[PDB]
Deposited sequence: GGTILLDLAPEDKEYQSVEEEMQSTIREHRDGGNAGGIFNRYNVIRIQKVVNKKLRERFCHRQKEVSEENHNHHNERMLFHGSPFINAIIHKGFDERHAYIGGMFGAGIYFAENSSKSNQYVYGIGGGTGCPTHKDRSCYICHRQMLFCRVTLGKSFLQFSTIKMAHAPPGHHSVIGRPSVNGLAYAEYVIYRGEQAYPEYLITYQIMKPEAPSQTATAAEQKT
């Protein structure tokens, strides 16, 4: 079973994660259409996900990856947001449920990019209660994950890939989207619960 460790706001970790989330908010080409309009998040809570099976699968996989990437995991903390966060923290990422760079699992360096996906592709129909993509009431969830990138393949054009190219373990596509093709190359380290904040007048 999954265990959620509740981080205290006075925790360096907590602060470190919130800092990464707040500082990577950016203006998106859609003018806020998908994720809403905001400049800052109100972080309700940050929790650490502990799940033995997921950890085991993740360790097993980075082992194979480093073994192919000159003994380097090439790990990176990245954000992921989607309507399946809950299934993810219990069963892990699943590429069978998978896109601009193929049937992979996507991660963003910008928290605001992930927020655009919290309610679905293009933000879907927004939050359940108000059908509002820029809802300032409803609590959103986002993950800040350890992603095993290994040897990244650089893709500069949309392509429907099924897996990373031979000898590769991830695809950095072009900002840049980080895409892996195996659920085990990502561990949902932090579960962030938050609200976007309405900018002041």
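Unmodelled segments of the deposited chain, in sequence order: 1, 100-102, 179-185, 213-224.
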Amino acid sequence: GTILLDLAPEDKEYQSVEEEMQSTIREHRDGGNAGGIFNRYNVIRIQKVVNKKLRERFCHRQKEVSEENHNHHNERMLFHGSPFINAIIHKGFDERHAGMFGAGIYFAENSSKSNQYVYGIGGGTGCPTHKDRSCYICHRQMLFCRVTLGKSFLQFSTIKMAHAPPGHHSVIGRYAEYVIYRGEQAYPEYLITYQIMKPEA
From here on, numbers count along this sequence of modelled residues.
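In this crystal structure, the stretch out of 12-20 and 179-187 whose C-alpha atoms carry the higher mean B factor is 12-20. Higher mean CA B-factor, judged across 23-31 and 163-171 from the recorded values: 23-31.
Annotation for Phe58, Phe144, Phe153, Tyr136: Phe153 ranks highest, by Cα B-factor. Per-chain ranking of the deposited C-alpha B factor places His80 in the lowest third. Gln116: CA B factor in the lowest third of modelled residues in this chain (values from the PDB entry). In the deposited entry, the Cα temperature factor of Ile3 sits in the top third of values across the chain's modelled residues. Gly126 sits in the middle third of its chain by CA B factor, as recorded in the PDB entry. When all modelled residues of the chain are sorted by CA temperature factor, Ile196 is found within the lowest third.
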